[PDB]
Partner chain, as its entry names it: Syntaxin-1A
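Here's a solo chain for you in structure tokens, the form deposited without its partner chain.
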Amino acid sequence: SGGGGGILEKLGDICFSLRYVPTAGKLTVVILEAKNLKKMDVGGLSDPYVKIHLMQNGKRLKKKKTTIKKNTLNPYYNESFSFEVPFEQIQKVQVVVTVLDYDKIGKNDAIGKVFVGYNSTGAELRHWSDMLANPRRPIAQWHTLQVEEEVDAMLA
């Protein structure tokens, strides 16, 4: 129950898999696809890419990013990323997933973001809990993107 703050924001959705291997402390995130993204270019669509942050206690510990897909609101990525998180800390971290529009000049604006892990709620918490309940098993799930203002207030 609960969560769902981004549902009516109409920013789009992201699908990714999570896998956690406790013995090795290996956390794998595969960015699969996004859909229904907000348009971010005047006269056009968006040039989306995805950033992943590992966080704890308001600090960005590690940063990864996908390739950029041009001129689409429904990008497919299928790009894998791994992090090292010891089992004693896996219930105390966040994985933050942000979709942004690439612009050749100017700060790349976020479309929206979500996080899973500590302090996550709703479908975000469910995905994380499913990951932890099933060591070594990759679990794919869709998430609704939420405005950065809101998500960042929860992460800070």
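Here the rigid core means the biggest group of C-alpha atoms that line up within 1.5 Å when the two forms are laid on top of each other. Positions refer to the first chain, counted from 1.
One more form of this protein exists, namely the form deposited with its partner chain bound; it is left out here, but the text below deals with it.
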The unique member of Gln91, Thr28, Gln56, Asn36 whose heavy atoms fall within 4.5 Å of its partner chain in the deposited bound form: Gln91
One residue of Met40, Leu32, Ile52, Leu125 in contact with its partner chain, assessed in the deposited bound form (non-hydrogen atom, 4.5 angstroms): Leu125
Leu132: touches its partner chain in the deposited bound form, heavy atom cutoff 4.5 angstroms: yes
Within 63 to 90, the residues that have a heavy atom no more than 4.5 Å from its partner chain in the deposited bound form: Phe87
Residue among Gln94, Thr98, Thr66, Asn108 whose Cα moves 2 Å or more between this form and the one not shown, once the rigid core is superposed: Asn108
Note on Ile31-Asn108 C-alpha separation in the deposited bound form, which departs from the shown form by 3 angstroms or more: farther
Pair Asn108/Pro48, Cα separation in the deposited bound form versus the displayed form, closer or farther by 3 angstroms or more: farther
